[PDB]
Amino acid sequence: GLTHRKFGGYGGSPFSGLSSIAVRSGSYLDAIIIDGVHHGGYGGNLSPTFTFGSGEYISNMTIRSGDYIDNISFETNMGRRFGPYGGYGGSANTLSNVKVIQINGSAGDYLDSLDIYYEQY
């Protein structure tokens, strides 16, 4: 199943493939914007972009979802916060004391689903 491997030396400043997040939101999440790439539809309103610093990652996250994503907010290991953006429907689920590695999902006119890959601490 899920794993990871490292290749190379020890120099450099760290980076993540997950470098920035923005959303379009109304009552739902219309779309998530990952590293500037638009995923979803064009309804709702565009949030400001949250950009991860070096060594910074999502450590806590709350997601309201039904058959779509309703609301997202998160906190990073350096105490910065994004959201809540979205509406009040759906049921809330929370990831606590994690390191988020990736956000995949599924989208149409709205953000239907999010498949969050993370380290649980």
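All residue numbers are counted from 1 along the displayed sequence.
In this entry, 5-13 has the higher mean Cα B-factor, the comparison being between 19-27 and 5-13.
Ranked by Cα temperature factor within the chain, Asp70 sits in the middle third according to the deposited record. Among the modelled residues of the chain, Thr76 sits in the middle third by CA temperature factor in this PDB entry. Ranked by C-alpha B-factor against the other modelled residues of its chain, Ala92 falls in the highest third. Among all modelled residues in this chain, the alpha-carbon of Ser47 has a temperature factor (C-alpha) in the highest third. When all modelled residues of the chain are sorted by CA temperature factor, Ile103 is found within the lowest third.
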